[PDB]
Amino acid sequence: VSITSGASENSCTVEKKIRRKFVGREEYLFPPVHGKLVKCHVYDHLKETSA
Amino acid sequence: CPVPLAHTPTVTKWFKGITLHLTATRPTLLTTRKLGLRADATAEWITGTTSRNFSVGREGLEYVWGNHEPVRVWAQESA
Amino acid sequence: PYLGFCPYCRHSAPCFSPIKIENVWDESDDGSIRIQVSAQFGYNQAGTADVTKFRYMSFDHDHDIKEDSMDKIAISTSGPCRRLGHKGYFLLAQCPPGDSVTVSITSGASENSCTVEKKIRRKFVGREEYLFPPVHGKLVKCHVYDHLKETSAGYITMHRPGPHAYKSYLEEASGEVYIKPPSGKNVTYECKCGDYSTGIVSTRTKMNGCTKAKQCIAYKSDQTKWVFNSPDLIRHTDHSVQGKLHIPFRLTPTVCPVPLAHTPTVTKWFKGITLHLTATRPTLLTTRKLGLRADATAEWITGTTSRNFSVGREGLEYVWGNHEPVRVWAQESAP
Amino acid sequence: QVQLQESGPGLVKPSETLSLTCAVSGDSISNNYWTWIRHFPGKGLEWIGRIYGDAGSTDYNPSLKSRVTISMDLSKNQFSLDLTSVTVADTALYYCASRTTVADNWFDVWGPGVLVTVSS
Amino acid sequence: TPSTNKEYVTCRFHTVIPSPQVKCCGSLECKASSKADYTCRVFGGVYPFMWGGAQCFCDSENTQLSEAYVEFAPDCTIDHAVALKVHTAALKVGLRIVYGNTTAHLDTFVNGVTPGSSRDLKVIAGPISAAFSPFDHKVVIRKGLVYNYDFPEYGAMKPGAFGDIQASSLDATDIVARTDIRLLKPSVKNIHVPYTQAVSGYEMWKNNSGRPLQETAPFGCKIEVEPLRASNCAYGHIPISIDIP
Amino acid sequence: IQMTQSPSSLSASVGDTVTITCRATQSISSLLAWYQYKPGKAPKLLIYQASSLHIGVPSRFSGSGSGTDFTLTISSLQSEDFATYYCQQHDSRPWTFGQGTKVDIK
Amino acid sequence: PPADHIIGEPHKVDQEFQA
Ligand SMILES: *[C@@H]1O[C@H](CO)[C@@H](O[C@@H]2O[C@H](CO)[C@@H](O)[C@H](O)[C@H]2NC(C)=O)[C@H](O)[C@H]1NC(C)=O
Ligand SMILES: *[C@@H]1O[C@H](CO)[C@@H](O)[C@H](O)[C@H]1NC(C)=O
Ligand SMILES: *[C@@H]1O[C@H](CO)[C@@H](O)[C@H](O)[C@H]1NC(C)=O
Ligand SMILES: *[C@@H]1O[C@H](CO)[C@@H](O)[C@H](O)[C@H]1NC(C)=O
Numbered sequence: 116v117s118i119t120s121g122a123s124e125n126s127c128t129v130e131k132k133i134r135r136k137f138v139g140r141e142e143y144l145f146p147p148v149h150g151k152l153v154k155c156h157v158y159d160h161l162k163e164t165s166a
Numbered sequence: 269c270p271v272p273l274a275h276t277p278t279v280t281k282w283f284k285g286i287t288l289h290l291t292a293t294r295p296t297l298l299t300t301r302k303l304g305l306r307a308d309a310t311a312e313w314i315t316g317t318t319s320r321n322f323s324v325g326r327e328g329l330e331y332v333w334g335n336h337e338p339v340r341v342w343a344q345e346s347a
Numbered sequence: 014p015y016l017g018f019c020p021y022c023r024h025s026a027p028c029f030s031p032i033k034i035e036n037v038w039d040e041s042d043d044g045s046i047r048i049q050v051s052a053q054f055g056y057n058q059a060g061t062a063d064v065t066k067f068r069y070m071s072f073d074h075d076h077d078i079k080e081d082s083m084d085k086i087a088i089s090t091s092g093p094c095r096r097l098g099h100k101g102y103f104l105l106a107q108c109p110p111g112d113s114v115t116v117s118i119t120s121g122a123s124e125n126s127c128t129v130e131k132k133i134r135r136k137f138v139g140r141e142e143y144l145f146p147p148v149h150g151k152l153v154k155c156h157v158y159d160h161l162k163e164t165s166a167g168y169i170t171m172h173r174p175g176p177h178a179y180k181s182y183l184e185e186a187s188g189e190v191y192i193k194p195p196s197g198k199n200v201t202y203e204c205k206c207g208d209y210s211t212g213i214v215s216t217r218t219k220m221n222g223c224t225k226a227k228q229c230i231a232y233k234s235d236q237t238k239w240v241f242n243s244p245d246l247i248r249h250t251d252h253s254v255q256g257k258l259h260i261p262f263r264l265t266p267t268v269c270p271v272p273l274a275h276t277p278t279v280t281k282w283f284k285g286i287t288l289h290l291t292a293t294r295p296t297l298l299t300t301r302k303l304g305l306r307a308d309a310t311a312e313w314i315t316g317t318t319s320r321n322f323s324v325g326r327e328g329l330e331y332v333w334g335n336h337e338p339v340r341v342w343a344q345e346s347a348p
Numbered sequence: 001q002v003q004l005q006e007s008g009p010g011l012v013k014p015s016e017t018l019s020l021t022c023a024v025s026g027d028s029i030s031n032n033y034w035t036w037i038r039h040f041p042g043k044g045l046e047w048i049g050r051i052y053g054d055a056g057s058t059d060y061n062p063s064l065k066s067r068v069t070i071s072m073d074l075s076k077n078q079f080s081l082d083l084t085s086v087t088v089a090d091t092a093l094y095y096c097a098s099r100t101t102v103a104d105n106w107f108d109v110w111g112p113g114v115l116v117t118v119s120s
Numbered sequence: 039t040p041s042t043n044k045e046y047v048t049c050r051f052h053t054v055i056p057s058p059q060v061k062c063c064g065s066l067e068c069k070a071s072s073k074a075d076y077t078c079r080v081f082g083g084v085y086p087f088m089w090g091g092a093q094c095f096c097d098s099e100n101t102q103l104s105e106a107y108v109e110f111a112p113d114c115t116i117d118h119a120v121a122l123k124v125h126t127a128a129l130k131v132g133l134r135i136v137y138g139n140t141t142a143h144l145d146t147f148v149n150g151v152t153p154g155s156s157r158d159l160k161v162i163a164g165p166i167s168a169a170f171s172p173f174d175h176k177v178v179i180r181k182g183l184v185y186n187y188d189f190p191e192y193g194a195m196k197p198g199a200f201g202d203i204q205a206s207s208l209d210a211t212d213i214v215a216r217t218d219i220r221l222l223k224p225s226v227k228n229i230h231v232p233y234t235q236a237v238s239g240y241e242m243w244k245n246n247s248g249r250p251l252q253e254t255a256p257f258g259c260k261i262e263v264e265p266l267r268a269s270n271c272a273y274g275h276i277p278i279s280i281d282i283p
Numbered sequence: 002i003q004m005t006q007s008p009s010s011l012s013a014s015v016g017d018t019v020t021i022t023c024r025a026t027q028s029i030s031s032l033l034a035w036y037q038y039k040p041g042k043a044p045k046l047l048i049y050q051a052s053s054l055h056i057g058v059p060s061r062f063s064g065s066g067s068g069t070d071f072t073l074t075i076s077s078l079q080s081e082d083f084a085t086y087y088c089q090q091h092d093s094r095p096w097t098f099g100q101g102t103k104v105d106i107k
Numbered sequence: 382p383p384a385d386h387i388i389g390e391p392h393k394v395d396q397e398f399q400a
């Protein structure tokens, strides 16, 4: 994460292995136009929810 | 959620056993199990084109190719 | 220019994008790729060849044509790509290796991108891997996409557009369906409100027999454009070929440099040779005997090592990378 | 260069099938758009239709679509016009057109043309 | 030199997809064409959208048409592989004959009958003591590289292997193919035709190539192409008889 | 898209400048072509693309315009170019024509 | 003996001992 306040920018870094994941039994880069409709769980894009 | 579907396998038939002609541009999961007393479960991620020799029993065998519907086959007595 | 169904939108979804990539070829050996998009590049409003601006498909109900320049187009696979040439549906760029290719316009704050999966793997010529070409090496025959704009690599078949319907030309009010046309265009209608009905209408006009807005279709018969035989369109009833445009950037034969590795130091022993080999990059060593049986072997070699190769009376032939073939033969020097 | 020459009967009865011929010399038939254009005296030019050479694709004016059919003959370097059930309003000077560009509405080439009069 | 005759050419296919058409509460039937691997299937109701959210009247009994076939890629005019068979090969020597003070350069036939002459001299050559050929019965040319691959014959296409796209010439319209394309019933609300496709057997054969016959043939024998010969190839003893004037 | 040719007639002498306008009912961008009809002969193209000269055509002939309004300016009029003027668009199918503009020696 | 080797329908019946 980094703010860039003109010429005075500050950055923060924390280590975490962000590995890309998938659902189902098949590995894929971007979601196809066609396929089986299966249940997965995603983070809600709407802000006004609580976890 | 959407998930892809791979190519349907090609089945060549021989005596008490099947061979699946498989094509997959991506690594996908193939899981087989018998319908008898012993499951004899086999599972391997397959990349590219590889043909696998699968011996089936009289009670049957169910193979799951990717995210498709499982398909059950049964062996005959064609000695 | 038509508009296609891009598999990856701005955020996460599929979306309908006017810079939709159909397919990408990577047959050039220098890493350059050819990209087919649904927009037309190098053409103005009229279609006259003007190099500075391109035209694309608009995001509104009149479905007209808007234009932009190359200062706000971008090509990227993993990092930014360098743009080289363009005609119409076709682009070309030099890109780093990556798992996909992206095209994007930056129209101010309205920034749109299209991403299609394509394994862009880096390739090389000869028998030696190299990052960038040496200034010194063997000049070998290569096969590149040429930089000349007026070339021909083939043809594509385009046809007349089919029905392009909307909801914006329809309206439901008090249990009846209305059609609003734009000014000066004739919009034809065809739907079943009961019996079968067809007609051509240019004014605000009512229908009868149906109460639902979803039941009808309105589209303008516009012949001003040629559409490519795309998998995202409903075609016309008469799908016949009506014209053909060139495929530029032909895969020409040219000459290209390939590196030459370290020349090996050969030590000599009785009915056998040993090549003291050094290679910073993996290079291919291929040997074969000169007798009845070839006994050929090959292995890519990284770093430094030594290989013990037996030589017969018939002899042995070895190729170290891209050098000239050198043939060795044994004596009868028994100790 | 490309040269066109019209060759059709000058006087045809009404309610009869009009057949007119334009031969092509100096270039092949299969790589250019081929076009018929009418020009009634005391009026202006009007579109008839067009054909493509190696594909046989035809686009015609909607008003005359029901009575205009275009065929081509590659062996005779030939493309033809068929107009069924002619009327007195179909009396016009007829041009066959071709263009340096493979397909363009504007035609670089043009036959001298033939006059067709429909009367009893 | 052998006698060679081509069977077909093989490269990366272009899976061209025609646009769908709708008569979307009518009835359509499967047509038959002469394209390469024409698969056509008639499906049920999807109610497709393209941009306006209403692209179909009479939303039930809602069949559509699906079309798919393959054709050569635009980059196949150079990047292509042609299949050949060879026959019994004939060998040709180039001889420099020096007798006394007079030298002569001569190329002659190795058959035992046919002579070669340089203005005074009659020399016959052949037969070879041991017949040998580095060429198998089925060879493939790919950009000057000759491989000893046993390709399937004409018309007998196998998907996922070499020879699954066959045509007599690069510009020939009689392209035949069975690459096992299969159509699927669309489930997305927007219009797009789904298809599954096996991998390119040309690209499989490229990935699983092996080493060239330029680096595989024995007897110190490099191979030249356009047309196919084997050059400077050392085997056997050749009987030569020279009629010196 | 229909056409209203302007002006229908205009008599001018040698050396004068005459302007003929071309108005379309719909926005056709700048895809327009003009023709010069000689009696007893096929018409020849003078201007394509509403501003561009055909090879062989005189530079004195200069056309302009975009959208719906278009003009042709005939500067330094001669004897050989008393003819019929016809602007032709190539967007909609089929293409249409004007009613013709007649110029004659005064 | 059957010509087909694998059928996509299960055996409705079982073979008895030495029958
Ligand atoms: C829309 O339809 C109207 C009516 O058919 C067209 O107006 C006609 O145009 C032709 C050709 O200019 C004339 O000969 C008719 O006399 C016109 N009829 C009327 C009632 O005006 C109009 O041109 C069409 N417009 C479009 C965009 O195609
Ligand atoms: C499968 O069985 C067949 C017939 O015995 C044999 O030819 C083939 O090599 C076998 N393949 C594998 C994967 O073992
Ligand atoms: C090669 O031969 C020498 C002498 O016998 C031996 O010392 C060395 O280990 C051998 N190396 C290999 C590659 O086997
Ligand atoms: C090529 O072969 C290698 C080894 O089998 C395999 O890992 C790779 O995925 C193959 N590439 C393709 C896509 O042909």
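The listed protein sequences derive, respectively, from chains E, R, V, W, U, X and D.
With positions in the first sequence counted from 1, the corresponding number in PDB author numbering is that position plus 115.
With positions in the second sequence counted from 1, the corresponding number in PDB author numbering is that position plus 268.
With positions in the third sequence counted from 1, the corresponding number in PDB author numbering is that position plus 13.
At position 97 of the fourth sequence the residue is numbered 97 (PDB author numbering), and the sequence of numbers has no breaks.
With positions in the fifth sequence counted from 1, the corresponding number in PDB author numbering is that position plus 38.
With positions in the sixth sequence counted from 1, the corresponding number in PDB author numbering is that position plus 1.
With positions in the seventh sequence counted from 1, the corresponding number in PDB author numbering is that position plus 381.
Using N, Cα and C, we set each Cβ at its ideal position, and we do this for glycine too.
Write down the C-beta distance between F51 (chain U) and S238 (chain U) rounded to the nearest angstrom, noting that I regard them as a contact closer than 8 Å. The beta-carbon separation of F51 (chain U) and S238 (chain U), rounded to 7 Å, stays under the 8 Å limit for a contact.
Any beta carbon from chain V within less than 9 Å of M195 (chain U)'s own beta carbon? no
Among the residues of its own chain, which have a CB less than 8 Å from the CB of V324 (chain R), if the five just before and after it don't count? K284, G285, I286, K302, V341, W342 and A343, listed in sequence order.
Cβ-based neighbour list, residue 183 (chain W), same chain, cut-off 6 Å, excluding 5 preceding and 5 following: The structure shown does not extend to residue 183 (chain W), since chain W spans only 1 to 120, so no value can be given for it.
How far does the alpha helix (DSSP H) with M242 (chain U) in it extend, from its first residue to its last? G239 to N245
To which residues of the same chain is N199 (chain V) closer than 8 Å at the C-beta, ignoring the five residues directly before and after it? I213, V214, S215, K233 and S234
Residue ranges of each alpha helix (DSSP H) run of no fewer than 4 residues wholly in the stretch 287-348 of chain V, ordered along the chain? Assignment of alpha helix (DSSP H) within the stretch 287-348 of chain V, counting only whole runs of 4 or more residues, yields no such run.
Output yes if chain R places a C-beta closer than 9 Å to the C-beta of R216 (chain U); else output no. no
Cβ closer than 7 Å: which chain X residues qualify as neighbours of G60 (chain V)? Against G60 (chain V), the close residues of chain X are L32, in the order they occur along the chain (beta-carbon pairs closer than 7 Å).
Going by Cα to Cα distance, which pick from R:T291, R:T280, R:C269 and R:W282 is closest to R220 (chain U)? R:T291
Would you say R294 (chain V) and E130 (chain V) are within 9 Å of each other, going by their C-beta atoms? no
Starting from the Cα of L246 (chain V), find the closest Cα among V:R173, V:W333 and V:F137 and give me that residue. V:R173
Would you mind working out which of V:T218, V:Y331, V:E163 and V:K79 sits nearest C259 (chain U), comparing C-alpha positions? V:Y331
Assumed close pair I48 (chain X), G64 (chain X) - CB separation to whole angstroms, cut-off 8 Å: About 4 Å separates the CB atoms of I48 (chain X) and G64 (chain X); that is less than 8 Å, so the two are in contact.
Alpha-carbon to alpha-carbon, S31 (chain X) and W106 (chain W): One C-alpha to the other measures close to 14 Å.
Could you tell me if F54 (chain V) is buried or exposed, where buried requires 16 or more neighbouring beta carbons within 10 angstroms of its beta carbon? Buried.
Of all the options U:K181, U:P224 and U:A205, which has the alpha carbon lying nearest to the alpha carbon of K44 (chain U)? U:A205
Quick one: what's got a C-beta closer than 6 Å to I46 (chain V)'s C-beta in the same chain, skipping five residues either side? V37 and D39
Beta-carbon contacts of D105 (chain X) that lie in its chain and below 7 Å, excluding the five residues immediately before and after: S12 and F83
State the beta-bridge partners of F98 (chain X) as determined by DSSP. Answer by DSSP bridge pairing: none, since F98 (chain X) is not bridged.
Cβ pair count under 8 Å reaching 3, the stretch 67-85 of chain U against the stretch 160-172 of chain U: no
Taking DSSP as the reference, what is the three-state secondary structure of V88 (chain W)? helix
Inter-residue spacing [alpha-carbon to alpha-carbon] between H160 (chain V) and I32 (chain V): Across the structure, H160 (chain V) and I32 (chain V) are spaced so that their CA atoms are roughly 23 Å apart.
Just checking, does the stretch 187-205 of chain U make contact with the stretch 26-46 of chain X on the three C-beta pairs under 8 Å criterion? Contact between the stretch 187-205 of chain U and the stretch 26-46 of chain X is absent: fewer than three C-beta pairs spanning the two stretches fall below 8 Å.
For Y85 (chain U) and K180 (chain V), what's the separation of their Cα atoms in angstroms? Between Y85 (chain U) and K180 (chain V), the C-alpha separation is close to 15 Å.
Name the chain E residues that come within less than 7 Å of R301 (chain R), Cβ to Cβ? By Cβ distance, chain E contributes nothing, its closest Cβ being about 15 Å from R301 (chain R), past 7 Å.
Under 9 Å between C-beta atoms, does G328 (chain R) make it to chain U? No, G328 (chain R) lies away from the interface with chain U (no Cβ there is under 9 Å from its Cβ).
Quick one: what's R267 (chain U) bridged to in DSSP? U:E262
Do the stretch 261-271 of chain V and the stretch 107-115 of chain V make contact, defined as three or more Cβ pairs closer than 8 Å? no
Are there any heavy atoms of ligand 4 lying less than 8 Å away from the beta-carbon of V237 (chain U), as far as the coordinates show? yes
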